[PDB]
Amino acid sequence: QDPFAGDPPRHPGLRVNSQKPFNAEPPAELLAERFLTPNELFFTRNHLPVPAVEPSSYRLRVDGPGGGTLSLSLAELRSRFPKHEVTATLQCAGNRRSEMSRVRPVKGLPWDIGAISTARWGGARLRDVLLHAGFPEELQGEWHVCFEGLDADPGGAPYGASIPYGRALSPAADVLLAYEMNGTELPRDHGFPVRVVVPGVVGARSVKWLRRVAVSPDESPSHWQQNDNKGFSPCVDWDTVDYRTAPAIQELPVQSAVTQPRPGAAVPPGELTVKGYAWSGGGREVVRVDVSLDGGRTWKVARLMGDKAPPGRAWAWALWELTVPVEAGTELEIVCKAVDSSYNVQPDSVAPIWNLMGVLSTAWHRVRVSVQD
């Protein structure tokens, strides 16, 4: 009996890197076509079989401050708390892992530039759910909100992750228990019926198929939170790694990639429209994207599309374009790099940011194309 037999069907055009469990990204030519990634193209990252959930018997378990347990149905989650909408980009820590393997092979799913997508999410504020359970605005010291998914190891251990309590309770942090995605109910692959969405934070923490929410003095003790998605020095390998030396990724650094044109393409002479995305963690706005055609020697400023968000709440990626003249029979190396609102920047090369897990791959994206005659 195959544990994945009950997995949902998917859109045919996806770049699949794993069938069981299912991991896929949209083609790069469609990735940044729209500001909001259609649900069918939104990248999918699963560690386990997809839970099959009967909507009416579903209960979200929320542990209260004193040890008691609140049990919430989907209907109650919909009706008791004012629905809030947050447009937010999820990026996997493993995004662009494949460029890291080009330096030296790494463990992990070989993501290209598409382990990132954007949706308008709708649901209960996590803040409101915790206050209803009885928690105060503020706990003394460093507390965490731990989540468990309905998906578990063969031995019983569920997918688990956590965020700091401060972020959970913050109105401005926009943390949702989402049951809607781009205006329709959550797809199975994306957490039906309920997922956490943590804006400005690595995808790992946005726990799908939510079964439990608990408040703890410690972060999630799940092996996913303890052993994955941490960043190490380039000198560290599997025989020397000590998971305690690096913190769980929460906010991600500034990131950008070229979606148009594609590597190895032949483009017509005259004008070329270069397109891509840019994004940064922690609600930090993209203030600028620089684009080079000559391998990063000279730069021009891209046009940033779409609308400004409030300060500290730039949860959604900025899409960018730049139309440039191109000469017949030349070689272009197209490079992009982004600058965020704290003026963080992307580093020149991959090797100095290499790590055994292939996470945190934010060096300049480089695309080599030729111009036709």
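Numbers follow the displayed sequence, beginning with 1.
A summary of the deposited B-factors shows that, of 96-104 and 260-268, the stretch with the larger mean C-alpha value is 260-268. Between the stretches 288-296 and 68-76, it is 68-76 that shows the larger average CA temperature factor.
Sorting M305, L41, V345, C336 by the CA temperature factor given in the entry leaves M305 at the top. Note on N46, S57, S341, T37: the highest value goes to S57, judged by CA B factor as recorded.
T240: CA B factor lies in the highest third for its chain, per the PDB record. In this PDB entry, the Cα temperature factor of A318 sits in the bottom third of its chain's modelled residues, the lowest group.
Sort the chain's modelled residues by C-alpha temperature factor and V198 lands in the lowest third, per the entry. Placement of the Cα temperature factor of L139 within the chain: highest third of the modelled residues, per the deposited record.
In the deposited entry, the Cα temperature factor of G358 places it in the lowest third of its chain's modelled residues.
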